[PDB]
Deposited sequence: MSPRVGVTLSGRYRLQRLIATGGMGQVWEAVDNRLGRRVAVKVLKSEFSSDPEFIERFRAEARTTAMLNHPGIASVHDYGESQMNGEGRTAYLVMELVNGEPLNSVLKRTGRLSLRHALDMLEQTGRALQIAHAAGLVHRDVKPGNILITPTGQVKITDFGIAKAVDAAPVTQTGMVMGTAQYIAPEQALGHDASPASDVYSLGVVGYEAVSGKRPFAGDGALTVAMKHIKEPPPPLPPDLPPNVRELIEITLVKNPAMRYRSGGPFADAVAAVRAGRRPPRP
């Protein structure tokens, strides 16, 4: 699993570009079309699990039928000679977590824009029956021109993990988890909204709203802790928009990506956040 390997005789691996709990992402060339792409190569522990692969493919498949500037394309699945993989768009952009490592916060203007873009991208997905379920800065790529591209819809949460409250463990991070997810309820479009509110909270104010040593620590605060008031210098309408997104009851939030994005637009336009 390395440079020069040509998966299913089609996709030639060039460089290792991302990594994670489920596998690694590589820059490749599609040699049938002579197009550079991203390939997520799954770890054997996932490749070898029939049922996990079924759920994984169900999500990816749906994402591959969505055409929108803010959804990173999903091109194909394959297995090669044992080794499962997903072929994706190679996005020329920088993960939001990377961006913030430098700036601490985003400019208010850029934050709202990003939030609104992400919300429109999620809404296409939500309209198709598709929940992201792992919204977080590492899944929000920003290109040089400011286009937000959203990666990895559905797939991380296809591992059918028990509640974090009971296991004390999460694949990836619990820093953006929706409280109902941390409880073991299946995500809904309102869960993505909440997790985008966390991203939003981070992006405007400088820091995430909840921290702690370990998944269980942070996840519990999501369930039980009112978030710390955002900085008083932020327009109240902006603060209020974010506060709404972070209510514990999913039934009391903006219900999906479109209503949220619209609420971001009303706020950019100087109006108070609309009724969720």
item: Deposited-sequence ranges lacking C-alpha coordinates, in sequence order; value: 1-2, 84-88
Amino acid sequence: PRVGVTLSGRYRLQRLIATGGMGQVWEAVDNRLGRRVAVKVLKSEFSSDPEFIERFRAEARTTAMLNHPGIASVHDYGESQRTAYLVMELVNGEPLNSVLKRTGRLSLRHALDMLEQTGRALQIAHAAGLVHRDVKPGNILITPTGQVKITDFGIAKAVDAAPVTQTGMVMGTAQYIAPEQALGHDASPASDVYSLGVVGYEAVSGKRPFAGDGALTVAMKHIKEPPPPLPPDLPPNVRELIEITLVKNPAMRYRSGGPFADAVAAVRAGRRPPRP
From here on, numbers count along this sequence of modelled residues.
{"query": "Average Cα temperature factor in the PDB entry - higher stretch of 35-43, 211-219", "finding": "211-219"}
{"query": "87-95 versus 189-197 - which carries the larger mean C-alpha B factor in the record", "finding": "87-95"}
{"query": "Highest-ranked of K149, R105, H126, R133 once sorted by CA temperature factor in the record", "finding": "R105"}
{"query": "Of the residues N139, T173, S73, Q117, the one carrying the largest Cα B-factor as recorded", "finding": "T173"}
{"query": "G9, C-alpha B-factor rank within chain (lowest, middle or highest third)", "finding": "middle"}
{"query": "Chain third (lowest, middle, highest) by recorded CA B-factor, residue given as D113", "finding": "lowest"}
{"query": "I242 - which third its CA temperature factor falls in, relative to the rest of the chain", "finding": "lowest"}
{"query": "Relative C-alpha B-factor of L16, binned into the chain's lowest, middle or highest third", "finding": "middle"}
{"query": "Modelled-residue ranking by C-alpha temperature factor, third containing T63", "finding": "lowest"}
